[PDB]
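See structure below.
Values quoted throughout were computed directly from the atomic coordinates according to the rules given, and no laboratory measurement underlies them. Reconstructed Cβ throughout: ideal geometry from the backbone, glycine too, with neighbour counts over all protein chains shown.
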Amino acid sequence: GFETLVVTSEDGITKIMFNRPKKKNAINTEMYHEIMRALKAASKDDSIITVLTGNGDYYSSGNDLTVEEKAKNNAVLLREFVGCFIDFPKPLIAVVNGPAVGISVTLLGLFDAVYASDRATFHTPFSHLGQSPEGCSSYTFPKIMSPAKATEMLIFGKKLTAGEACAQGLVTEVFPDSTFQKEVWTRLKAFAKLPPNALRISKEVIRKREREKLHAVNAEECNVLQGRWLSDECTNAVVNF
Amino acid sequence: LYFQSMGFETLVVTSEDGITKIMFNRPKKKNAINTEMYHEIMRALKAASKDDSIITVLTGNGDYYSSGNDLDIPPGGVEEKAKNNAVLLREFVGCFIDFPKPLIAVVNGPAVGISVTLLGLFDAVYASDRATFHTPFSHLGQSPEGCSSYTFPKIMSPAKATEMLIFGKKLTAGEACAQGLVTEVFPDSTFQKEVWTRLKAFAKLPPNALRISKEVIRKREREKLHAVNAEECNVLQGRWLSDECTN
Amino acid sequence: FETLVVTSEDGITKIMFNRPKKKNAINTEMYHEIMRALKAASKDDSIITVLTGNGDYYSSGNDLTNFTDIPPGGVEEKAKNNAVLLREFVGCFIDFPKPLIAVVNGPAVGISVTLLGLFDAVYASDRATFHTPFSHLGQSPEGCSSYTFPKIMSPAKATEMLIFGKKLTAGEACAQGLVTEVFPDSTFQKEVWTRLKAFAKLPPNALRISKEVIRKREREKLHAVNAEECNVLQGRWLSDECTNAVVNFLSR
């Protein structure tokens, strides 16, 4: 089973829900491995669409504020983690139920659609903790949002409302919080009735030609990040947090 | 190769005031694109590429822009039919990729299918607010075409393009403008006046400068676009032979 | 510097265009001065570099007086030289290693707009307008805009600016991806500088390295695009269309 996730499947939809509500669904080492196991399963299961979502208040507070060998290992872990999203074969949808921070935001550039509650916020304060972008965001975010918008978020740590994230290309659509659940699931159940192989083959035509590039971006990002974790600037920034 | 107008069976093709206008002309069929119209569009584009016009416009007659592909098996079966349609598609999309002059769409009404996906290859797109945009490929058991699998994520962002291309969502003119597919939307009652006043203005700009500027923008993308086209057409061949497409 | 004012404080180097009586038009000397200002800024102790204009304009772009400075080698040599100069100017922006922010205080035109595509952020007054009338001038795109504008704004929007010479309001440029944010003119300086001074307090290696991971893998493409745009211009400049245009615009 799963300690940190609740994974369910029915009617052509697999739902992966982060399940550390007391910790704002902060991603610890366990959850990194569990998310990868769940995605590996979903890639081979009978579902047409896979959804990631959060339990409760937050979608995710991002990497859990939990040694050269540790930075190597974590960089290796991170690279494999990101690689699962890059290689994921079926439509992948984020259902962003509340605030989203860190690696949980950056991965959104690898998702096929992203629905957000009006109470969702989006925040990538990497530079504030003395680190660099990951999840391929160094490549995807400038492309999605434009460099002039991506920069405020990636380099300068501006926090976006769900409306702003929608306007800037990161979010497909925003629903009021009161009916968010209803509105998203009625849509997704509708999508799960579409010809299965058509959906799968359509995403492959869109994604396949980009994967080699996205894997190289990931590798570059994790290298830089490994460097940042070993730096005095990062330890001081994080200690000073 | 023509003087003022060139007769076609499914198109009206005219040239005045520095603008070649290519208009779909099957209004009783919602300007659906049949085999005849694919070949006729290709000939018109070849002609427009060589005539003295500065700008070329694609539009529809009547209430639709185009309802897209119009819904006989050769001796080598449905497999050969699939390859033949894939080859025709590839050459067709190719003519749009390689078109050397500014190419503008005047979307007077609903656009569906291949007529929408090619808009990714246009220089400008002017829509009436009663224009709607729909690419229900997946609903018909098919996959993207017209280089949309590449151009649409780029233009609209993946998050918006997926909903259009994979899940078959229909966009209003305003949504398509908000998401970068449409240059500008006009009220239907001003549409023809406003669009044609601009276009006639545009056609008075220094002609070589307009052509050379389009070419600086587009030339270095062509090899990639031709490669996307070939891949999409190859995938589509397989879809057309699948249970989902037929059933 | 004759045509710029370069200062540095609070972790920010400010390069300000300084020909207000000529709408901060970029003459030959200003091209060289900007390159030198960026060279100095690349190695100084600031963490953010800002470009802005003095007076009511950001910049009116290339100074058309630049076409009248005819060397002893004639217009052919001049065309070749100025194309190389342009190539190396734009390449300074492509290669600039620290966060580079435009503070667009008023109307911006031509090369001054196109370069915005290579900046990290762009903050504009609601008095700012953006115009790239290359076609009116019988010219073709520069500053990598032939690649960056379609990517940033979408082909459908980029064409109207680049080919057909539409002038954008600050709000439209913000809506279309060129500008990060727009502020009321009355509060613009205080709102922008309050922000920039906070940004300058962020861990400086993180800021530098984050920019490098975003920008480094795209630089070879950008240099190739710049090289091709410049090769075309070298031709355009010697066209009847550009000659006739420049004689008209010089009469304005």
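What to note about this one:
- Note on the stretch B:175-197: residues that are away from chain A (no Cβ under 14 Å) and either more than 17 Å from the chain's Cα centre (by Cα) or of a type outside the set (A, V, I, L, M, F, W, C) (or both) amount to 15.
- Answer residue from the stretch A:171-227, given it is more than 22 Å from A:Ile144 (Cβ to Cβ) and basic (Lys, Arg) and is surrounded by the most Cβ atoms within 10 Å (Cβ to Cβ) among those: A:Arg200
- Every pair of residues 6+ apart whose Cβ atoms lie under 6 Å, when the first sits in the stretch B:111-130 and is away from every other protein chain (no Cβ under 14 Å) while the second is in a helix (DSSP H, G or I): B:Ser128/B:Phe191; B:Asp129/B:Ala173
- Members of the stretch B:148-160 that are at the interface with another protein chain (Cβ under 8 Å from one of its Cβ atoms) and small (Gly, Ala, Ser): B:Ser149, B:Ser157, B:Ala159
- Inter-residue pairs, beta-carbon under 8 Å, first at the interface with another protein chain (Cβ under 9 Å from one of its Cβ atoms) and in the stretch C:216-242, second surrounded by fewer than 16 Cβ atoms within 10 Å (Cβ to Cβ) and basic (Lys, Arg), 6+ apart: C:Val225/B:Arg220; C:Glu228/B:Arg220
- Among all positions in the stretch C:91-98, there is no residue which is basic (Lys, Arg), in a helix (DSSP H, G or I), within 14 Å of another protein chain (Cβ to nearest Cβ) and surrounded by fewer than 24 Cβ atoms within 10 Å (Cβ to Cβ).
- Residue count, the stretch A:1-41 (criterion: in a helix (DSSP H, G or I), within 16 Å of the chain's Cα centre (by Cα) and of a type in the set (A, V, I, L, M)): 5
- The stretch B:55-79: number of residues that are over 13 Å from the mean Cα position of the chain (by Cα), closer than 14 Å to B:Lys21 by Cβ and surrounded by 20 or more Cβ atoms within 10 Å (Cβ to Cβ): 1
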